[PDB]
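Some notes on the structure that comes next.
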Amino acid sequence: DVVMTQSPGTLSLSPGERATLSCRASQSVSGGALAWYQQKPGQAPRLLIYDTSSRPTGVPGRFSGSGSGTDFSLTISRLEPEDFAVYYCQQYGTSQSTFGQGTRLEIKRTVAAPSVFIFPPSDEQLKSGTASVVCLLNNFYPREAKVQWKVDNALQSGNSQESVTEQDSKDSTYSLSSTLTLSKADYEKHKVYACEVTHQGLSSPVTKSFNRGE
Amino acid sequence: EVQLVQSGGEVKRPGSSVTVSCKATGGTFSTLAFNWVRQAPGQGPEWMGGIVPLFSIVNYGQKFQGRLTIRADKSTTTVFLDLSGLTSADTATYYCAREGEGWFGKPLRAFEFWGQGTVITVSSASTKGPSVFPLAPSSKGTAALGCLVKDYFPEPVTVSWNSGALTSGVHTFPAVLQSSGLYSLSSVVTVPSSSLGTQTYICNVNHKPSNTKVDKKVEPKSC
């Protein structure tokens, strides 16, 4: 099973800059059978390069591919706004083709620390028998952020989920929402609910908290 | 131009089989490979198998052998995927993709033409509208407020604020699938703290599969 490993996981670059994306195969790719695809949210992938270096009709000339053996590259000579997307390589030299895990190519902008907000569960929801506690991280960059939930000083694990917006089309930031879900009985057993946020734009972690029932 | 047009999305129960069709028009059909590729939410594409229609030579990914069938009709230029024994690991968008043609028609193997995708969700859940709970603005500049849209099935829900009048600063997050099999999402907006006493904020939630509309007023919590 040929394994395709792409680098970097996230490539952060400026509009108009040159971009170089890498792919490495765990064994030599037969007949230069290496393709690159671009994918935008909600759309099918689009073939940019096939057989290592050939462009299909309709693909702009700023895209080029090179490589041989186990190491391949996709180069974008200058990044137009439409080129920020996820890119996958694919080997198809064997009878079981495989894709790499993708490189997210996103817009680099000035570091922005998140604004952090914590929301207690509504009294209405508590009647359903469940408590959702929400932490919002608003308009931050870069995308990497760490959110830890602490209940009466105990780090929570296994009982939260999060999701992240697409990079904002006007300001190039991200936002993130993390939800801690507890039974009502567990929620009323504890007092202090806190979300602790670590991010490159914060000089030390930010904690937002509330005391149940106050 | 080559167009690949797929059949519609569906919810399927665990243990069932699903058939997806792909009508290919405008280009070579029988002597090129059509492939099925799927992509689960948040994951990369995965090739499943392919067919060359002329004599229906097929190639199936090893992990799908026994559950996957690929077929083709040459008179109606349509390819089919049949996938049996469905489980939640089969929830994905399924695409048909045709190989490109190169120098004097040479098959390129790379996937040049793609269908629009068919969204298949494998679940035992019944259609269910969301509850809507407020994310109330803190008493303790800029304030954040929102709505938590919880426990619905299937996707999607849409959220607007003040009937569309408020769009600046809104973030409506991707849904998460909870361990109960129901989805949940939040929608938030940041606004001037000075507006909290004078401006009404209402989130308008629509879940078309259950014909549910909810308008929830979100206000600072009293006391």
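Order determines the names: the first chain of the structure tokens is A, the second B, and so forth; residues in each chain are numbered 1 upward, and ligands are numbered 1 upward as they are shown.
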Residues of chain B within 8 Å of chain A, counting only C-alpha atoms, as an MDAnalysis selection string: chainID B and resid 44:47 59 61 95 108:117 133:138 144 171:176 186
What lies within 9 Å of residue 14 of chain B using only C-alpha atoms, ignoring chain neighbours under 2 positions off, as a short mmCIF file (atom, residue, chain, number, x, y, z; two decimals) with N, CA and C atoms, in the first residue's frame?
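Output below, filename out.cif:
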data_model
loop_
_atom_site.label_atom_id
_atom_site.label_comp_id
_atom_site.auth_asym_id
_atom_site.auth_seq_id
_atom_site.Cartn_x
_atom_site.Cartn_y
_atom_site.Cartn_z
N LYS B 12 -29.67 6.62 4.73
CA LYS B 12 -29.81 5.17 4.67
C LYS B 12 -29.66 4.57 6.05
N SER B 16 -28.46 -1.51 5.32
CA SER B 16 -29.10 -1.39 4.03
C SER B 16 -28.04 -1.31 2.94
N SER B 17 -28.50 -1.32 1.68
CA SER B 17 -27.64 -1.08 0.54
C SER B 17 -28.06 0.21 -0.14
N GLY B 85 -24.33 -3.49 3.14
CA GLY B 85 -23.84 -3.57 4.52
C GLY B 85 -23.48 -2.22 5.12
N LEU B 86 -24.30 -1.21 4.90
CA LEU B 86 -23.89 0.14 5.27
C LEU B 86 -23.74 0.26 6.79
N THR B 87 -22.77 1.07 7.21
CA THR B 87 -22.59 1.48 8.60
C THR B 87 -22.27 2.97 8.62
N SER B 88 -22.23 3.54 9.83
CA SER B 88 -21.92 4.96 9.93
C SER B 88 -20.56 5.30 9.34
N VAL B 122 -25.57 7.61 6.78
CA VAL B 122 -26.01 6.31 7.32
C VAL B 122 -26.31 6.50 8.80
N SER B 123 -27.58 6.30 9.17
CA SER B 123 -27.97 6.60 10.53
C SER B 123 -29.28 5.91 10.80
N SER B 124 -29.50 5.57 12.09
CA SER B 124 -30.79 5.08 12.59
C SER B 124 -31.71 6.19 13.09
#
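The smallest atom-to-atom distance between residue 76 of chain A and any of A:142, A:8, A:61, A:31, using only C-alpha atoms, is found for A:61.
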Contact residues around residue 164 of chain B with only C-alpha atoms at 10 Å, ignoring same-chain residues under 4 positions, as a list in words: residues 159, 160, 203 and 204 of chain B
With N, CA and C atoms retained, export the selected residues as a PDB file, in the first residue's frame.
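Heads up, here's the output in out.pdb:
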ATOM      1  N   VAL B 159     -29.423  29.490   9.926  1.00  0.00           N
ATOM      2  CA  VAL B 159     -29.652  30.486  10.965  1.00  0.00           C
ATOM      3  C   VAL B 159     -29.503  31.864  10.338  1.00  0.00           C
ATOM      4  N   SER B 160     -30.441  32.747  10.637  1.00  0.00           N
ATOM      5  CA  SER B 160     -30.225  34.153  10.334  1.00  0.00           C
ATOM      6  C   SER B 160     -30.449  34.923  11.612  1.00  0.00           C
ATOM      7  N   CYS B 203     -32.594  35.177  16.853  1.00  0.00           N
ATOM      8  CA  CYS B 203     -32.062  34.219  15.889  1.00  0.00           C
ATOM      9  C   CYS B 203     -33.208  33.464  15.254  1.00  0.00           C
ATOM     10  N   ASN B 204     -33.161  33.331  13.940  1.00  0.00           N
ATOM     11  CA  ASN B 204     -34.193  32.661  13.159  1.00  0.00           C
ATOM     12  C   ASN B 204     -33.595  31.362  12.678  1.00  0.00           C
TER      13      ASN B 204
END
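By only C-alpha atoms, and with residues fewer than 6 positions from residue 52 of chain B along its chain excluded, the set lying at most 12 Å from it is residues 28, 29, 30, 31, 32, 33, 34, 35, 58, 59, 70, 71, 72, 73, 74, 77, 78, 79, 97, 98, 99, 107 and 109 of chain B.
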Counting only C-alpha atoms, the residue of A:29, A:59, A:19, A:113 that sits nearest residue 75 of chain A: A:19
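Note that the spacing between atom CA of residue 168 of chain B and atom CA of residue 171 of chain A amounts to 12.1 Å.
Ranking A:180, A:3, A:23, A:192 by their shortest atom-to-atom distance to residue 131 of chain A, with only C-alpha atoms included, puts A:180 first.
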DSSP strand (DSSP E) residues within segment 4-218 of chain B, as a PyMOL selection string: chain B and resi 4-6+10-12+18-25+34-39+46-52+57-60+68-73+78-83+92-101+107-114+118-122+131-135+142-152+158-161+170-172+176-177+183-192+202-207+212-217
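The list of residues with at least one atom within 6 Å of residue 195 of chain A, based on only C-alpha atoms and without residues fewer than 6 positions apart in the same chain, reads residues 148, 149, 207 and 208 of chain A.
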Output C-alpha atoms of each residue in that selection to a file, as an mmCIF file, in the first residue's frame.
data_model
loop_
_atom_site.group_PDB
_atom_site.id
_atom_site.type_symbol
_atom_site.label_atom_id
_atom_site.label_comp_id
_atom_site.auth_asym_id
_atom_site.auth_seq_id
_atom_site.Cartn_x
_atom_site.Cartn_y
_atom_site.Cartn_z
ATOM 1 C CA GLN A 148 -9.289 23.404 27.955
ATOM 2 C CA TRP A 149 -12.398 23.035 30.088
ATOM 3 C CA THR A 207 -9.514 31.959 31.374
ATOM 4 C CA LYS A 208 -13.164 32.910 31.287
#
With only C-alpha atoms as the counted atoms, please give the residues lying no more than 12 Å from residue 167 of chain B, apart from itself and same-chain residues fewer than 6 positions off, as an mmCIF file with C-alpha atoms, in the first residue's frame.
data_model
loop_
_atom_site.group_PDB
_atom_site.id
_atom_site.type_symbol
_atom_site.label_atom_id
_atom_site.label_comp_id
_atom_site.auth_asym_id
_atom_site.auth_seq_id
_atom_site.Cartn_x
_atom_site.Cartn_y
_atom_site.Cartn_z
ATOM 1 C CA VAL B 159 -29.652 30.486 10.965
ATOM 2 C CA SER B 160 -30.225 34.153 10.334
ATOM 3 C CA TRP B 161 -30.293 37.080 12.716
ATOM 4 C CA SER B 187 -24.520 30.710 15.791
ATOM 5 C CA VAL B 188 -23.027 33.793 17.453
ATOM 6 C CA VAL B 189 -22.765 37.491 16.758
ATOM 7 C CA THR B 190 -20.644 40.212 18.295
ATOM 8 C CA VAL B 191 -22.346 43.604 18.795
ATOM 9 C CA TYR B 201 -31.642 40.307 18.853
ATOM 10 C CA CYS B 203 -32.062 34.219 15.889
#
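What separates atom CA of residue 129 of chain B from atom CA of residue 43 of chain B is a distance of 26.9 Å.
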All helix (DSSP H, G or I) positions in segment 38-222 of chain B, as a PyMOL selection string: chain B and resi 62-64+88-90+103-105+162-164+193-195+208-210
